[PDB]
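Visitor: Build me a structure from this.
(2 chains, ligands or ions: 4)
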Number of protein chains: 2
Amino acid sequence: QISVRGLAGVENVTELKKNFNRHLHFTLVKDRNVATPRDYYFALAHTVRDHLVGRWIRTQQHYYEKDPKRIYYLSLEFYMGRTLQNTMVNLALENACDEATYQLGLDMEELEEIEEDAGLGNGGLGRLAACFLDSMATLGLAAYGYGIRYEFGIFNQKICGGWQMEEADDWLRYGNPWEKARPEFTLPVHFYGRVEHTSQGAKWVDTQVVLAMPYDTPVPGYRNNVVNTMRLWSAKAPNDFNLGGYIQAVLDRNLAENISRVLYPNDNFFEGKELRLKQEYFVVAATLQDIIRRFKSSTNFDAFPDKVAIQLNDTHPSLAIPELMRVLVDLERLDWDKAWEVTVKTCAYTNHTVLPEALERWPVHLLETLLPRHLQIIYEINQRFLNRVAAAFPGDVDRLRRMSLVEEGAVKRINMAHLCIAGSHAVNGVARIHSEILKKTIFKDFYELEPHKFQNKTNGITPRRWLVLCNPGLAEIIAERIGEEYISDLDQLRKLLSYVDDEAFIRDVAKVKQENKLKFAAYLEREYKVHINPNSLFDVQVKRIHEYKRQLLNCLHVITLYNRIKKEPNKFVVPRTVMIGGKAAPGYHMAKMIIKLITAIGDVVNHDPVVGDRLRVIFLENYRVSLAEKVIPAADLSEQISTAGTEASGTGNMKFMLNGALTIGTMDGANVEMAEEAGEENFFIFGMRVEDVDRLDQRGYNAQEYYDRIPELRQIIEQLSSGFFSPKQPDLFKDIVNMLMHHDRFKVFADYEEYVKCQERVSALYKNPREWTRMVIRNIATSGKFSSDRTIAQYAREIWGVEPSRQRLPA
Amino acid sequence: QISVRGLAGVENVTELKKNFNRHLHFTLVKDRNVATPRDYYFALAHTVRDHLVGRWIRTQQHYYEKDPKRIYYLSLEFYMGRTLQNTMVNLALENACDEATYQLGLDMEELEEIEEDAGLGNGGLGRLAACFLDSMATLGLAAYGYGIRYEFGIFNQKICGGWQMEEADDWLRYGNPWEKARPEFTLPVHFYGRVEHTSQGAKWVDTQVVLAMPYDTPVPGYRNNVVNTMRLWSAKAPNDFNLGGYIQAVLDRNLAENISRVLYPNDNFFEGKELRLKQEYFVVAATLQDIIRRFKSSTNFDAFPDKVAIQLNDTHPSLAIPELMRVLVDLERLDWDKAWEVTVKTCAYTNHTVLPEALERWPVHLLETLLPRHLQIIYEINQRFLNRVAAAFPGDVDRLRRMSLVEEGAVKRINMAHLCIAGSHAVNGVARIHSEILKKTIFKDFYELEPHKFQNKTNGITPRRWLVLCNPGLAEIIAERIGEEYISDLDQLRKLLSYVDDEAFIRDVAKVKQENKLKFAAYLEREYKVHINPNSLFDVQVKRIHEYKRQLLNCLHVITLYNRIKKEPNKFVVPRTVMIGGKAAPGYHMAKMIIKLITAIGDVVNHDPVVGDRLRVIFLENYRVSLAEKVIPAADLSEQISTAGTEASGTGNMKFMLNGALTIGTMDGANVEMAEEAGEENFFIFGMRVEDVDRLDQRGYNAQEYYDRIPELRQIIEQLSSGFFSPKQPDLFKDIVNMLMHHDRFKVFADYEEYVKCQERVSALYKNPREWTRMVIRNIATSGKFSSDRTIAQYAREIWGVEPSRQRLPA
Ligand SMILES: Cc1ccc(/C=N/NC(=S)N[C@@H]2O[C@H](CO)[C@@H](O)[C@H](O)[C@H]2O)cc1
Ligand SMILES: Cc1ccc(/C=N/NC(=S)N[C@@H]2O[C@H](CO)[C@@H](O)[C@H](O)[C@H]2O)cc1
Ligand SMILES: Cc1ccc(/C=N/NC(=S)N[C@@H]2O[C@H](CO)[C@@H](O)[C@H](O)[C@H]2O)cc1
Ligand SMILES: Cc1ccc(/C=N/NC(=S)N[C@@H]2O[C@H](CO)[C@@H](O)[C@H](O)[C@H]2O)cc1
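Guide: Numbering: from 1, shown residues only, chains lettered A, B, ... in the order given. Ligands and ions are numbered 1, 2, ... in the order given. Coordinates below:
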């Protein structure tokens, strides 16, 4: 149908159809009379995956022959979403499969909806890993993602009576067509035990052994025939494990296999839970053995850093540092200083937050029991590091206690971030302002000691998933004017600037959005039975529920608009559909209250006859990658409204910019760079800058001051307190009111006036469709910087020491 | 190479080779440079299984079109063993695959050794189910095996320091190429809850739900293009299950899934363990819903028994009876009497033992908690049944308490065997003598009430696995003389009687055995590092370790031969290799001692220089179906020496007879029929008959009497007591001696003299190879009756009311 989706040649269509029927018969053991829709999806998935195998085998063979430096991306999260369409896109098979399935009498889009998301991540950090893998494959890097194959990914969110309910994401139930178990590469991982010191150095003995079994998933590059590997470890009990008593022993195998059972969803508050530590060590131990095995299959560890880069995705795999030391020192018998040199040059650390409650600080007593040798190595790293600090800053005793990897206190803890900085040759934040905040505040001491380690690598998103796949209409009208090269060279979108006054292009951009909004309005009626006005402004905030992300500020605005309507019902207002979506971490009480507030607001607003269809508030249930692919192209306004200094980068922001939504946001995270690229005139910037927040903290934030001086804010609070939004439970929202009035870390009230005013300027612009669209064009045209291809090229050159290559491997 | 293994046509070999390379590439994601031996096995398994699919789909389609009466074989055990060779045999693909793999540079036999046994059974009852499935497919019956897909089958046995060690049989670790998950047929199974009585009858409410997910495994008939289904249920938690607390809730899903985790290996002693009851109900509930679903997809349950037979393989699925009643009464609203009529006519029960400690007698309090509605139905069945007994035998109050399904006592129990008899139109034992023992003793009261219910169906073994597959040499020399028809018509083996004096045939039979013995002697050196004389008599006893099976009696004989040698070292004795193998139930202390005794005897005997290679005692580790396929063809003497009245049938006995071993045995179980078929002159029968045992029990068995009157027996006991076989632990075997002397239920000493004497007659015959072989020929020629095809044809005609058919389905 559309050009960017590839050729539907006669020979290819015929072959796809025959292979589809082959798989239906031989793989699914079905014929057309008994086939379920799920069978059809699997026949298609198997048909498509067949095209990956030659490329996958030869990509890996290529790396063995050429022996390039290998990139190991260690993450506990890979938020992959669905794989079928992505694979077709990157293989140029989409139109062909569409045709082939059409001739077979099937709707491919309906088949695509059957695939479960690989929801092996929580939010931004997990999706970043996924975008990165895609960019690394597209840029021809010898890169491997390493993580855990969770049996249960992020929970499915259900909303019952306005409340979030979690249910197990049993994503593997029907089997995953995209993975290949690799049992011959099964590796033992050790836990507990004790350290014996001999003449021949330390020995870690009496350990419990869990097996790590790898599963390989293909990561296809964009039309370059490169297929990289994502290797996820699953926990398996050894067969002599725990071996009435016989039965129990077999049942207790579950204990060892619990390690890979479930993704921790608490992206808000670090919990020192032992199972989480086991998961962190599990992925690190298995991965490092696999890395070293591959390194040897080419004595001399001097060349290790020339052949290996390990990227630590936050501190979650920080145990890579003492684990590498452990292997190098205890098993390979390198001296400490040489092992350390190798380690530092091998590892790099990416920080993804400044919220102190999110920092990993593992209780010493836990490491003592679980990983006794690692604790010893950590103490040793700390001593030698603190000797360096003492020498560089003689007499600065407070610097010593601030920089220590060991924090003294009630429970002694290890600061994993301090471990990562000490053990890495590079440390980067994920947006310019965030990287600066690291240098100036939380890692200031470390920056003063080793300024050369600190870098910025502004986040990006893959334009394959986040444009071509989810927004083919927009990709097509762009390709019509500038060709297809921009898909793997997003900077080329700048060429669209000379179309800002092009009437046809303005008409096309606005029509694509309208079509996207219509399709999403339909999706909402079909799957959720809710009726929205597609001519309204689509005002969307989708992201995990956090106080810092200030879904609450959006709530206050919603209520203001509602109250203004109720005050002057016969005044014209630009109609809005306000959509808020996102999961709350199950133990985050405030976030669950916020969700309930949102639904409670919807309950009042969506049923007020006076409101009509001028204002609708919808909570988007079960926000996840596949839902983002639908809602983002349909959005007009992107809410990026975190308190300045709190969102390290954001990536949702970039997805919206790429897909033709205007952004209302604070100068926070990557918003700053987005506004700089587009020009501030084409952005709706409001609120305190970082400096204003700091000034406020010095004086002391008094929420009452705002409540006393803003009558519209007072009314809202009074309505919240008195039970206007919870008639049967008048005090339901007292926690929220209390927090807002007395202990708001994120200064919701401080930005309220400016936000509302800025929101009026949004409504004003939307009244003028032509000028709205010209501003949109100016955003899309400048979103090039935010391609993860750019981010990855920067990592490759500035951190990993490898050159990207856009060259095809032979097909 | 050999004719019975099929044609190796040019077109087939070429196609097998190309499909093998296709699977290696596309399915295993490998090329020849990186392929492991396990990859080669899987490529072959996938290549072969491709040939099953058309036949499987059309067999099932056929049943839907023709709508024949369906046979449901309910078992908690299906001891399938390996599937690859069996499939090739039944599809006539063996020579072709052998050729194809040979040209690819692979040894197919080496590939076959990689396949794990499906060890979903303990011993005879589980193997019976497997042979039966094979015969039902071969006889063109619309038959389904239903059971549980255990994650862990029978434990792998390791022998450490002469002691049995169990390890988990993780048979699914690499994936099972022979199964197809059928998630669309997932069914809920209910546990716990309570019964509400309404106006509209009883209601079972507030239950916990476990999901039952079916996996289908093909059961190919012998060259008739029929492929039946074995459907095994796996336990899955529902997604709202149990839904810090979030993490635990996800982890607790294991509790529900524990149901299908592991096969209970306690074939010796009924344990009223709740998990076992859950497994029994699980397979019954899921199966019955599946049966009823299939019945409806053709209101009128009158025709249910015309369309459905359910065979209960022992009492383990006895809950089928009250479950059928429950569905019919509570869910379909049939009146009791009509539901009962339907139930009785639908169900038949096969008893597999008379050992009272093996009978299922479930504590009432367990049924109360787990299955409250079923208990109520059982009480109701009992009342109406006992009303029938009272009416037929007025005043016989003791009959009433003996026949009750409820046993009063300390804990009230339900006698599941009594439930099965009451709820079934037919009850059968598994050998003529066993069926008679049921009528005369343990079910006498029931036989007097309903004599028409009691039948015999003498056990059988499939000649496909147990001749063609494991003994191709013997199958071939037989086919050379009489053609190939006997493979699915084993009675034709009688034709071999006219070859008893045929010199060429005598030479061939003896040569096949010699080749088999050589191959097995090699197998023992290669995989276990033990060196045996292939010219010795192969004296084998392989079967689960039980006191009743009297491995101990064999032990006494072994020691007698050893002592006689030591007494007169320079006298000629026919050399023997004595092989004993079998697993002990992990909690069966005596059985574990017996294994230790056997190894301890081996330790002494195998290292006595005076003995030489005249006597060797070897414990065959990890006896299982795939090992039986090796050892049985190599055996000369089959030890079938259970105390008369204790082995219901035996089937190992039939395997040995078919494969050219002579049998030393008691008149017990099917031995009686084997001796009758072959003629007693061609059998080594010894020991007490059933009547002699009964006489002994009346007087009282005094083991001392034998110890006092048999000096050779005294010496053995003294040696056992004094530490001759355990020098470092002199009292190690005091339990055995004590049991033998004071509490031997199985009268080991009573048969000792006759056994030893009979064993001399065996040695005498073996001295004359020509006459040994002529007797062997006379056994093989009369083993026809013991084909499970005969057994199944009897079930079909006399119990299920269906005609077998040897006709091909179109290919
Ligand atoms: C891209 C690509 C290409 C080929 C393959 C081949 N895959 N080949 C096998 S046999 N895949 C297996 O299939 C099962 C699916 O039910 C999984 O449960 C199992 O984990 C997986 O290893 C996998 C991925
Ligand atoms: C269990 C657990 C513990 C901690 C976490 C942390 N999760 N941390 C995230 S999702 N960090 C996010 O990373 C993105 C990518 O750089 C940024 O754009 C975004 O600003 C930042 O908040 C998640 C789960
Ligand atoms: C005889 C026959 C013919 C075709 C098939 C087709 N089978 N097709 C699939 S996708 N089989 C799956 O394969 C996985 C193996 O790794 C299993 O883990 C899984 O349980 C099984 O359902 C199965 C049996
Ligand atoms: C957990 C558990 C509980 C009970 C059992 C019972 N297992 N019961 C067996 S294996 N019964 C056997 O059945 C064969 C087939 O008819 C007969 O030839 C044989 O004589 C008989 O002993 C097995 C496991």
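Visitor: touching ligand 3 at all, the strand ranked longest in chain A?
Guide: Longest strand of chain A, by residue count under DSSP state E: strand A:208-220. No: using CB under 6 Å from any ligand atom, strand A:208-220 never reaches ligand 3; the gap is at least 11.6 Å. For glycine as for every other residue, the C-beta is placed from the backbone atoms N, C-alpha and C.
Visitor: Strand partners (parallel or antiparallel) of the helix or strand following that strand?
Guide: Following strand A:208-220 in sequence order, the next helix or strand is strand A:227-236 (DSSP states H and E). According to DSSP bridges, strand A:227-236 forms sheet pairs with strand A:143-148 (parallel), strand A:208-220 (antiparallel).
Visitor: The longest helix anywhere in chain A packs against which elements?
Guide: Looking across chain A with DSSP state H, the single longest helix is helix A:37-66. The contact analysis (3 or more CB pairs under 8 Å, 6 or more residues apart in numbering or on different chains; DSSP states H and E) places helix A:37-66 against helix A:10-22, helix A:84-91, helix A:94-103, helix A:108-112, strand A:208-220, strand A:227-236.
Visitor: any chance of the ones you listed in a markdown table, plus distance to ligand 4 and mean neighbour count?
Guide: Converted to a markdown table, those look like this (distance: least, CB to the nearest ligand atom, whole Å; neighbours: other CB atoms under 10 Å in any protein chain shown):
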| stretch | distance to ligand 4 | mean neighbour count |
| --- | --- | --- |
| helix A:10-22 | 42 | 16 |
| helix A:84-91 | 45 | 23 |
| helix A:94-103 | 50 | 22 |
| helix A:108-112 | 45 | 16 |
| strand A:208-220 | 29 | 21 |
| strand A:227-236 | 26 | 24 |
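Visitor: Which one, of those, ends up nearest to residue A:267?
Guide: strand A:227-236 (19.6 Å; CB to CB).
Visitor: any idea of the angle the closest one forms with helix A:37-66?
Guide: Angle between the axes of strand A:227-236 and helix A:37-66 is 110 degrees (criterion: axes from the mean of the first three to the mean of the last three CA atoms, to 10 degrees).
Visitor: Got the domain ranges for chain A?
Guide: For chain A, the structural domains run A:1-460+A:788-811, A:461-787, going by curated CATH domains.
Visitor: Make TSV out of those and add distance to ligand 1.
Guide: Shown next, in TSV, are these (distance: least, CB to the nearest ligand atom, whole Å):
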stretch	distance to ligand 1
domain A:1-460+A:788-811	3
domain A:461-787	17
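Visitor: Save those as CSV, and put in distance to residue B:477 too.
Guide: Formatted as CSV, these follow (distance: least, CB to CB, whole Å):
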stretch, distance to residue B:477
domain A:1-460+A:788-811, 38
domain A:461-787, 64
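Visitor: residues in chain A within reach of ligand 3, list them.
Guide: Counting by CB under 6 Å from any ligand atom, chain A sits next to ligand 3 at A:27, A:29, A:175.
Visitor: If we use 8 Å, what do you get?
Guide: A:26, A:27, A:28, A:29, A:42, A:175, A:181 (CB under 8 Å from any ligand atom).
Visitor: Run a quick neighbour tally on the nearest residue to residue A:333 once chain neighbours are set aside.
Guide: Of all residues not flanking residue A:333 in the chain, residue A:201 sits nearest, at 7.3 Å (CB to CB, 6 or more residues apart in numbering or on different chains). Residue A:201: 11 surrounding residues under other CB atoms under 10 Å in any protein chain shown.
Visitor: Same question for residue A:306.
Guide: 11.
Visitor: And for the helix or strand containing it, what's in contact with it?
Guide: Applying DSSP H and E as the criterion places residue A:306 in helix A:304-307. Residues outside helix A:304-307 that contact it (CB atoms under 8 Å, 6 or more residues apart in numbering or on different chains): A:67, A:69, A:70, A:295, A:298, A:342, A:345, A:346.
Visitor: Reduced to three states, what does the nearest residue to residue A:171 once chain neighbours are set aside come out as?
Guide: Spatial nearest neighbour of residue A:171, excluding adjacent residues (CB to CB, 6+ apart): residue A:116 at 4.5 Å. Taking DSSP: H, G, I helix; E, B strand; the rest coil as the rule, one finds residue A:116 in the coil state.
Visitor: List the contacts of residue A:116.
Guide: By CB under 8 Å, 6+ apart, the neighbours of residue A:116 are A:82, A:169, A:171, A:174.
Visitor: any idea how far the residue of the stretch 401-550 of chain A found nearest ligand 3 lies from residue A:478?
Guide: Relative to ligand 3, the nearest point of the stretch 401-550 of chain A is residue A:469 (26.0 Å; CB to the nearest ligand atom). Residue A:469 sits 14 Å away from residue A:478, going by CB to CB, to the nearest Å.
Visitor: What is the neighbour count of residue A:275?
Guide: By the measure other CB under 10 Å, the count of residues near residue A:275 is 16.
Visitor: from what I can see it touches residue A:258, true?
Guide: Yes: with contact defined as CB atoms under 8 Å, residue A:275 counts as touching residue A:258 (6.6 Å).
Visitor: Over to the most far-flung residue of chain A relative to its centre: give its phi and psi.
Guide: For chain A, the largest distance from the centre (CA atoms, centre = their mean) belongs to residue A:199, which lies 47.4 Å off. Phi and psi for residue A:199, reported as degrees, to the nearest 10, are phi -60, psi -40.
Visitor: same question, residue A:361
Guide: Dihedral pair for residue A:361: phi -130, psi 90, per degrees, to the nearest 10.
Visitor: Just want to check the distance between it and residue B:274.
Guide: Counting by CB to CB - residue A:361 and residue B:274 are separated by 43 Å.
Visitor: what's the spacing between the closest residue to residue A:489 other than its chain neighbours and ligand 2?
Guide: What sits nearest to residue A:489 in space, not counting adjacent residues and going by CB to CB, 6+ apart, is residue A:789, at 7.5 Å. Using CB to the nearest ligand atom, to the nearest Å, one obtains 16 Å as the distance from residue A:789 to ligand 2.
Visitor: what residues are up against residue A:789?
Guide: Neighbouring residues of residue A:789 by CB under 8 Å, 6+ apart: A:135, A:138, A:139, A:460, A:462, A:463, A:488, A:489, A:490.
Visitor: okay, now residue A:777: neighbour count?
Guide: There are 22 residues near residue A:777, going by other CB under 10 Å.
Visitor: That one contacts residue A:508, correct?
Guide: No: checked against CB under 8 Å, the pair residue A:777 and residue A:508 is beyond contact range at 10.1 Å.
Visitor: which residues sit in contact with the residue nearest to residue A:242 when sequence neighbours are not counted?
Guide: What sits nearest to residue A:242 in space, not counting adjacent residues and going by CB to CB, 6+ apart, is residue A:249, at 3.8 Å. Residues near residue A:249 by CB under 8 Å, 6+ apart: A:241, A:242, A:243, B:168.
Visitor: Highest neighbour count among those?
Guide: Top of the contacts of residue A:249 by neighbour number is residue B:168, holding 23 neighbours under the definition other CB under 10 Å.
Visitor: where's residue A:45 relative to residue A:171, distance?
Guide: With CB to CB as the criterion, residue A:45 and residue A:171 are 14 Å apart.
Visitor: Among those two, which residue is more densely surrounded?
Guide: Neighbours per residue, other CB under 10 Å: of residue A:45 and residue A:171, the larger number sits with residue A:45, 22 against 19.
Visitor: Got a quick ChimeraX command for the buried subset of the residues of chain A next to ligand 3?
Guide: Here is the ChimeraX command that selects the buried residues among the residues of chain A next to ligand 3 (16 or more other CB atoms under 10 Å in any protein chain shown):
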select /A:26,27,28,29,42,181
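Visitor: can the residues of chain A next to ligand 3 go into CSV with extra columns for distance to residue A:733 and secondary structure?
Guide: Formatted as CSV, these follow (distance: CB to CB, whole Å; DSSP: H, G, I helix; E, B strand; the rest coil):
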residue, distance to residue A:733, secondary structure
A:26, 58, helix
A:27, 53, helix
A:28, 51, coil
A:29, 55, coil
A:42, 47, helix
A:175, 45, coil
A:181, 49, strand
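Visitor: how about TSV for the residues of chain A next to ligand 3, with distance to residue A:548 added?
Guide: Formatted as TSV, the residues of chain A next to ligand 3 follow (distance: CB to CB, whole Å):
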residue	distance to residue A:548
A:26	52
A:27	47
A:28	47
A:29	51
A:42	41
A:175	39
A:181	40
